[PDB]
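Chemist: Okay, handing you the structure first.
Counting neighbours? That spans all protein chains shown, and the Cβs are built from the backbone with ideal geometry, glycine included. Here, each number is a calculation from the coordinates, and none is a lab measurement.
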Amino acid sequence: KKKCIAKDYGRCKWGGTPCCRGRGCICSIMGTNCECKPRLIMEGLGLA
């Protein structure tokens, strides 16, 4: 909500807020109640 999500598994949308720290945005069985899939050190970081 309001400038990125900031949470692993955050109930995102394609056409909304992106995702901050923990990303993806694959949806449920509707396209609403989605999730920002779990990745911190597999996003833009890698190690630290």
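Chemist: Identify all residues within the stretch 1-36 that are touching a residue at least 12 places away in the same chain (Cβ under 8 Å), polar (S, T, N, Q) and exposed (fewer than 15 other Cβ atoms within 10 Å of the Cβ); write none if there are none. Give the steps one after another, and end with the answer.
Modeler: In the first step, residues of the stretch 1-36 are kept if they are touching a residue at least 12 places away in the same chain (Cβ under 8 Å); the result is 1-14, 17-25, 27, 31-36.
Right, trim to polar (S, T, N, Q) and you get 17, 32-33.
The answer is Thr32, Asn33.
Chemist: Could you list all residues from the stretch 23-48 that are hydrophobic (A, V, I, L, M, F, W, C) and either closer than 9 Å to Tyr9 by Cα or not in a loop (DSSP other than H, G, I, E, B) (or both)?
Modeler: Those that are hydrophobic (A, V, I, L, M, F, W, C) and either closer than 9 Å to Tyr9 by Cα or not in a loop (DSSP other than H, G, I, E, B) (or both): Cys25, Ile26, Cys34, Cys36.
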